[PDB]
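Enquirer: Residue numbers (the authors' numbering), protein chains in the order written: chain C1, 6 to 146; chain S8, 2 to 165; chain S4, 2 to 260.
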Amino acid sequence: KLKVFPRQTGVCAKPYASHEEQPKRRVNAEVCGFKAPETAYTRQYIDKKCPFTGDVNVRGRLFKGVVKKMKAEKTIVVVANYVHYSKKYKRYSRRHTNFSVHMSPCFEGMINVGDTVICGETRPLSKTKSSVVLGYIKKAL
Amino acid sequence: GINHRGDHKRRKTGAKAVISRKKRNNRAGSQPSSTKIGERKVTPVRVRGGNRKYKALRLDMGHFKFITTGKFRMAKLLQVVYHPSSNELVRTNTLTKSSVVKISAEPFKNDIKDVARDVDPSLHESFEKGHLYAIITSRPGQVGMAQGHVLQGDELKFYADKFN
Amino acid sequence: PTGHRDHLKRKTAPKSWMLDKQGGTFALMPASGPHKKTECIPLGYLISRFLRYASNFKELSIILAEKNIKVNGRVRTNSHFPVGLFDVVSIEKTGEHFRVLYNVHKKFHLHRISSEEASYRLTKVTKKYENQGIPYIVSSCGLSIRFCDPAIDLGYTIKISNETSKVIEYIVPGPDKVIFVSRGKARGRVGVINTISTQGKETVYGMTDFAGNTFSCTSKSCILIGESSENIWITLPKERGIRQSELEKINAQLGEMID
RNA sequence: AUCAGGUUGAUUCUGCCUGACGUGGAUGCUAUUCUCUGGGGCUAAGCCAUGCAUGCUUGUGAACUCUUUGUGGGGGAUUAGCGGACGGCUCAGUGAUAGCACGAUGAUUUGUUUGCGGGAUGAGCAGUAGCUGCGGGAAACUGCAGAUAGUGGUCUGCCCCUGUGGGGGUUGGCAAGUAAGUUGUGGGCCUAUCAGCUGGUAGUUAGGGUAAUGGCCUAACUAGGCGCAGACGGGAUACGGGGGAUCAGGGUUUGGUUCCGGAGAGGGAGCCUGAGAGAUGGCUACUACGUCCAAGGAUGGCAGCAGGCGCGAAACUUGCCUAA
Numbered sequence: 006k007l008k009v010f011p012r013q014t015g016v017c018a019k020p021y022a023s024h025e026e027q028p029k030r031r032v033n034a035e036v037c038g039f040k041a042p043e044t045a046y047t048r049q050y051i052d053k054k055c056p057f058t059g060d061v062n063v064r065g066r067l068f069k070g071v072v073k074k075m076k077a078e079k080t081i082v083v084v085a086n087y088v089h090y091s092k093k094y095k096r097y098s099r100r101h102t103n104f105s106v107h108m109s110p111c112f113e114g115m116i117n118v119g120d121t122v123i124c125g126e127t128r129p130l131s132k133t134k135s136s137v138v139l140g141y142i143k144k145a146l
Numbered sequence: 002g003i004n005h006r007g008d009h010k011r012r013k014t015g016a017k018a019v020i021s022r023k024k025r026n027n028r029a030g031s032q033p034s035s036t037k038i039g040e041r042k043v044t045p046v047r048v049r050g051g052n053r054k055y056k057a058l059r060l061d062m063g064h065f066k067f068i069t070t071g072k073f074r075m076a077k078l079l080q081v082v083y084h085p086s087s088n089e090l091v092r093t094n095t096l097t098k099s100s101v102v103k104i105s106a107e108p109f110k111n112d113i114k115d116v117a118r119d120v121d122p123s124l125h126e127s128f129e130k131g132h133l134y135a136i137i138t139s140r141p142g143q144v145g146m147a148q149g150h151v152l153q154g155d156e157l158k159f160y161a162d163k164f165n
Numbered sequence: 002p003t004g005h006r007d008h009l010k011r012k013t014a015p016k017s018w019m020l021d022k023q024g025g026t027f028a029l030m031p032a033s034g035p036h037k038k039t040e041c042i043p044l045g046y047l048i049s050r051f052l053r054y055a056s057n058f059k060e061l062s063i064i065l066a067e068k069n070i071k072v073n074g075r076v077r078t079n080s081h082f083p084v085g086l087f088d089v090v091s092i093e094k095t096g097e098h099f100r101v102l103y104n105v106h107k108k109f110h111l112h113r114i115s116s117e118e119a120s121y122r123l124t125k126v127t128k129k130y131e132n133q134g135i136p137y138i139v140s141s142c143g144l145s146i147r148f149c150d151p152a153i154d155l156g157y158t159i160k161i162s163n164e165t166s167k168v169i170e171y172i173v174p175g176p177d178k179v180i181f182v183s184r185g186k187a188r189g190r191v192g193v194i195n196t197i198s199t200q201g202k203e204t205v206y207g208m209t210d211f212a213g214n215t216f217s218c219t220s221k222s223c224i225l226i227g228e229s230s231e232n233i234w235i236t237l238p239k240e241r242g243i244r245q246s247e248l249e250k251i252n253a254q255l256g257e258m259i260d
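1. When the cut-off is 8 Å and only beta carbons count, does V9 (chain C1) lie next to chain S8?
2. Taking the Cβ atom as the reference point for each residue, do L20 (chain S4) and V84 (chain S4) lie within a distance shorter than 8 Å?
3. Taking just the CA atoms, how far does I138 (chain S4) sit from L248 (chain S4)?
4. From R6 (chain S4), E40 (chain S4) and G24 (chain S4), pick the residue whose C-alpha is nearest to that of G189 (chain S4); which is it?
5. Assuming the contact rule is C-beta atoms closer than 8 Å, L96 (chain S8) and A147 (chain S8) should be a hit. Round their C-beta distance to whole Å, please.
6. Going by DSSP in three states, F104 (chain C1) sits in which element: helix, strand or coil?
7. I'd like to know if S99 (chain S8) contacts chain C1, where contact means its C-beta is closer than 8 Å to some C-beta of that chain.
8. Bridge partners of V32 (chain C1), per DSSP?
9. Under a CB-based cut-off of 8 Å, is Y50 (chain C1) close to chain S8?
10. Looking at chain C1, is there any beta carbon in it that lies within less than 8 Å of the beta carbon of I68 (chain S8)?
11. If we count the other Cβ atoms within 10 Å of its Cβ and call it buried at 16 or more, is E156 (chain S8) buried or exposed?
12. Which residues of chain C1 have a Cβ atom closer than 9 Å to the Cβ of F109 (chain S8), listed in chain order?
13. For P129 (chain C1), go through chain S8 and note every residue whose CB falls closer than 9 Å to its CB, in chain order.
14. I'd like the span of the beta strand (DSSP E) that includes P136 (chain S4), first residue to last.
15. Relative to the C-alpha of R77 (chain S4), which candidate in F58 (chain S4), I48 (chain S4) and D210 (chain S4) has its C-alpha closest?
16. What is the rounded straight-line gap between the Cα of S115 (chain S4) and the Cα of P2 (chain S4)?
17. Where do the ends of the alpha helix (DSSP H) carrying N252 (chain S4) lie?
18. Express the C-alpha separation of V81 (chain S8) and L124 (chain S8) in angstroms, rounding to a whole number.
19. For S162 (chain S4), which of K129 (chain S4), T124 (chain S4) and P176 (chain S4) has the nearest alpha-carbon?
20. Can you tell me where the alpha helix (DSSP H) holding residue 271 (chain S4) begins and where it ends?
21. Could you check how far apart the C-beta atoms of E118 (chain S4) and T236 (chain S4) are, in whole angstroms? I think they sit under 8 Å.
22. Measuring only between beta-carbons, confirm whether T47 (chain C1) sits less than 8 Å from chain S8.
23. Quick check on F159 (chain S8) - is its C-beta less than 8 Å from some C-beta in chain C1?
24. Do the segment 37 to 48 of chain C1 and the segment 2 to 14 of chain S4 touch if we need at least three Cβ pairs shorter than 8 Å?
25. Judging by CA-CA distance, which residue of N79 (chain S4), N73 (chain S4) and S140 (chain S4) is the nearest neighbour of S62 (chain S4)?
26. For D162 (chain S8), does the count of other Cβ atoms within 10 angstroms reach 16, so buried, or fall short, so exposed?
27. Could you check the C-alpha separation between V122 (chain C1) and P20 (chain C1) for me, to the nearest Å?
28. Please decide whether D155 (chain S8) counts as near chain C1, where near means a Cβ-Cβ distance under 8 Å.
29. Across the segment 109 to 128 of chain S8 and the segment 86 to 93 of chain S8, are there enough close Cβ pairs to call them in contact, namely three or more that are closer than 8 Å?
Here you go:
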């Protein structure tokens, strides 16, 4: 259910062109060690919030987590584990943090509840989202 | 007035807000300007730093570009036929960005005669009634002008299914 | 508290200026301009604490309003004007020239020089841009120079004319050079490059003092001042920047402690 | 790196109560000197008589005035410009939307300072401050006529987006430096006789607004988001740090108060000028308490420095300064 005409921001084609000959889709290779997926080249979707074929820049820290929920449109919930040291008792305690992350459509049939993902930091994207998925690691059986 | 702070919203967990500050002129906003058609009227406003915006209240004579030839002409604005967000903005003839307008076809009389009545026959049928369709890509409330391009082929068919 | 401040309390003044803790509640606030704010000293302190010419402030403003001072060969009459590293201060009557340096205790220091040495300046290249159909390069004291070589890049040291303000020649950084450390833990120490390695977007220089001690520091706190150990482009201070440790300072006063 | 006294006719224990050592506040008796360092915070962010705490600079030269006199001089009113957003005081609100630590601004603006760039001596009409006169009013404040610099329109040219048409603007720049705004994660005040909470609430797509990202705001559509690793609530003398006290080690307690950050000017709201204020020794309204009047009007803001009343167990001078 699109409302404007689909076209990447930056490229400009010509009206009476051919379906095989018209401009090429522009893609990237992300924060140095992350290559774009292959469903990013051979697919049609317009996402201004996509890291590879989109308009967002990833300048910030990278973190890891575990997928806990997939129920909103292009938004997952990731849990990150960490630990705090007590001085009086000389021991640690386990703790967690919750993130809302943008999942571009190029990861459609790949990530499932229970995987591990690598996320990057961006500018504010909505009220609660300020990060994006860059890669993943499927759980071992 | 309008103010763009978020100190008054509920929290991510649903908790009621706590305010400990008055509003700041830092984050002050304006009411929406509603650019209509007819008898140009633009106003200069003084903004932060001493700078200047131009707030169009009424406009004629867009500045459109025929894409297949790459030439700008200045046409006349006739009426609005589609807005992607609110169709109560079409009943009022309000000119925001990315609204589709019906334009006058005379000034493009040289350009349109390099296309046949072959694959684009819907562009040549409306030209004989006296009008073409265009689309606006500037922000009339921020820069004080309308500026876009003419619809042909893929675009003109995608939007034509919207406003019938 | 959303409007700029115009005063300095004296407790917060930088340690390099060597100001007494008492002696009033305020200190001179420096102006904007050539160097950064954490790397300059106001002009009015250099003429009344480091030369002891004026004993007052009624007098210090008779020396500046009579137009007797020139920073980098250019007359200055403001006591808030900021002076930075490797800058020439000239005084016509009683002809003299000085260069602004550091100690090895990291304080400021005025070093007397000659007249054909007072036509120099050394700076690093930091930025580079093109505007209006002209290529520019930006110094580390903040100036733009147009129409330089096309083969000067970020990091090289350049020599400015100081009487026409034009580049003369430069230095590319590599092993077997000399270095002055302009800030950090190791400010005011001269060394000789041995190795240049990298890390997560950083370059680190292994160095070696003029007495055998070893050393290391990033490339953002260092300026090249020489081509080799006997081809330095400026005159160093009395001690040359050694920083003998505290074991080696009591033996001077107390001898060694042999078994 | 330490212990004593006290339950029994006498005994060994358990257990608390009391003494012996510091530190902050209030208070009794008693006092010779000098040197450094403090003093209306706790109760009333209660109410305030009188004096002082903010004014300068000219490429501007009116009234008046001089000269044996002319593109002549003195004189100093008003224009124009800069500042009054800092400095000083206080701790009501705020338990994390503030503050500290490490990050992003490739999402933004910046007078004065520095180095480069940039600049209408054309036409033709309107017209003002001071100044010279007539005046109103208890006051606080104000009107009309006359004549002149700066100045304001409109043409002309110049510049910008276009062009086989046209349409706008009136000289506003670049780079450093300095300042400011926006944003991510993490931390022991007490409490479950507080267990389930949330409707712009969580997201998508479009537009508006902003110096700028963003449910910040609106239209349409999806059903999400948080929680015993304590959500959502409620309480106590809650401004956060840098810091202080105590002292074998491990710990316990405290920070209204010099330095840095925030917030406020009786209580709430809304705004103008400006590079910068949601300003209170700026303006407008409602609201608590008022003050002066010839009765019709006009007006106030000590949590600035002294001082007064009140409150309480509880806290200094209505002094001198063209010097640092």
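Yeah, the Cβ is synthetic: ideal placement off N, Cα and C, and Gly gets one too.
Expert: Well, looking at it:
1. Locating residue 9 (chain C1) in the first sequence gives position 4, counting from the first residue. Interface residue, yes.
2. Against the third sequence, residue 20 (chain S4) aligns to sequence position 19. Against the third sequence, residue 84 (chain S4) aligns to sequence position 83. Cβ distance not < 8 Å, so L20 (chain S4) and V84 (chain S4) don't count as in contact.
3. Walking along the third sequence from the start, residue 248 (chain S4) turns up at place 247. Walking along the third sequence from the start, residue 138 (chain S4) turns up at place 137. Those two C-alpha atoms are separated by around 46 Å.
4. On the third sequence, residue 189 (chain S4) is found 188 positions in, with the first residue counted as 1. For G189 (chain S4), the nearest C-alpha among the options comes from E40 (chain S4).
5. Along the second sequence, one-based indexing puts residue 96 (chain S8) at 95. Along the second sequence, one-based indexing puts residue 147 (chain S8) at 146. Rounded, the Cβ-Cβ distance is 6 Å, consistent with contact.
6. Residue mapping note: residue 104 (chain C1) aligns to position 99 of the first sequence, counting from 1. Reduced to three states, the DSSP call for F104 (chain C1) is strand.
7. As a position in the second sequence, residue 99 (chain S8) is number 98, starting the count at 1. Taking CB atoms only, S99 (chain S8) has a neighbour in chain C1 less than 8 Å away.
8. The residue given as residue 32 (chain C1) occupies position 27 in the first sequence. Note: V32 (chain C1) sits in no beta bridge, so no partner.
9. Position 45 of the first sequence, counted from the first residue, corresponds to residue 50 (chain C1). Not an interface residue.
10. Counting from one through the second sequence, the residue named residue 68 (chain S8) turns up at place 67. So yes, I68 (chain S8) belongs to the interface.
11. Counting from 1 along the second sequence, the entry for residue 156 (chain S8) is found at position 155. Burial call: buried.
12. As a working mapping, residue 109 (chain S8) is identified with position 108 in the second sequence. Near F109 (chain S8) there are no residues of chain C1 at all, since even the closest Cβ is about 14 Å away, more than 9 Å.
13. As a position in the first sequence, residue 129 (chain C1) is number 124, starting the count at 1. Within chain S8, no residue comes near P129 (chain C1); the closest Cβ sits about 11 Å away, beyond 9 Å.
14. Along the third sequence, one-based indexing puts residue 136 (chain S4) at 135. Segment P136 to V139, the beta strand (DSSP E) holding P136 (chain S4).
15. In the third sequence, the residue the question calls residue 77 (chain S4) occupies position 76. Considering only alpha carbons, the answer is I48 (chain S4).
16. By one-based count along the third sequence, residue 115 (chain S4) stands at place 114. By one-based count along the third sequence, residue 2 (chain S4) stands at place 1. Each residue's alpha carbon lies about 49 Å from the other.
17. Stepping through the third sequence from its first residue, residue 252 (chain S4) is reached at position 251. That run of the alpha helix (DSSP H) goes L248 to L255.
18. Walking along the second sequence from the start, residue 124 (chain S8) turns up at place 123. Walking along the second sequence from the start, residue 81 (chain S8) turns up at place 80. Each residue's alpha carbon lies about 18 Å from the other.
19. Along the third sequence, one-based indexing puts residue 162 (chain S4) at 161. Of all alpha-carbon atoms in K129 (chain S4), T124 (chain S4) and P176 (chain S4), the one lying nearest the alpha-carbon of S162 (chain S4) is that of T124 (chain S4).
20. In this structure chain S4 extends from 2 to 260, so residue 271 (chain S4) is not present and cannot be described.
21. Taking the first residue of the third sequence as 1, we reach residue 118 (chain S4) at position 117. Taking the first residue of the third sequence as 1, we reach residue 236 (chain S4) at position 235. Sure, about 7 Å apart at Cβ, within 8 Å.
22. As a working mapping, residue 47 (chain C1) is identified with position 42 in the first sequence. Closer than 8 Å: no.
23. As a first step, residue 159 (chain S8) must be located in the second sequence, where it is residue number 158. So yes, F159 (chain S8) belongs to the interface.
24. no
25. In the third sequence, the residue the question calls residue 62 (chain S4) occupies position 61. Out of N79 (chain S4), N73 (chain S4) and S140 (chain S4), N79 (chain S4) has the C-alpha closest to the C-alpha of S62 (chain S4).
26. Position 161 of the second sequence, counting from 1, holds the residue named residue 162 (chain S8). Classification for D162 (chain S8): exposed.
27. Numbered from its first residue, the first sequence carries residue 122 (chain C1) at position 117. Numbered from its first residue, the first sequence carries residue 20 (chain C1) at position 15. So the two alpha carbons sit approximately 41 Å from each other.
28. Locating residue 155 (chain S8) in the second sequence gives position 154, counting from the first residue. Closer than 8 Å to some Cβ of chain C1, the Cβ of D155 (chain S8) qualifies, so yes.
29. No, the segment 109 to 128 of chain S8 does not touch the segment 86 to 93 of chain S8.
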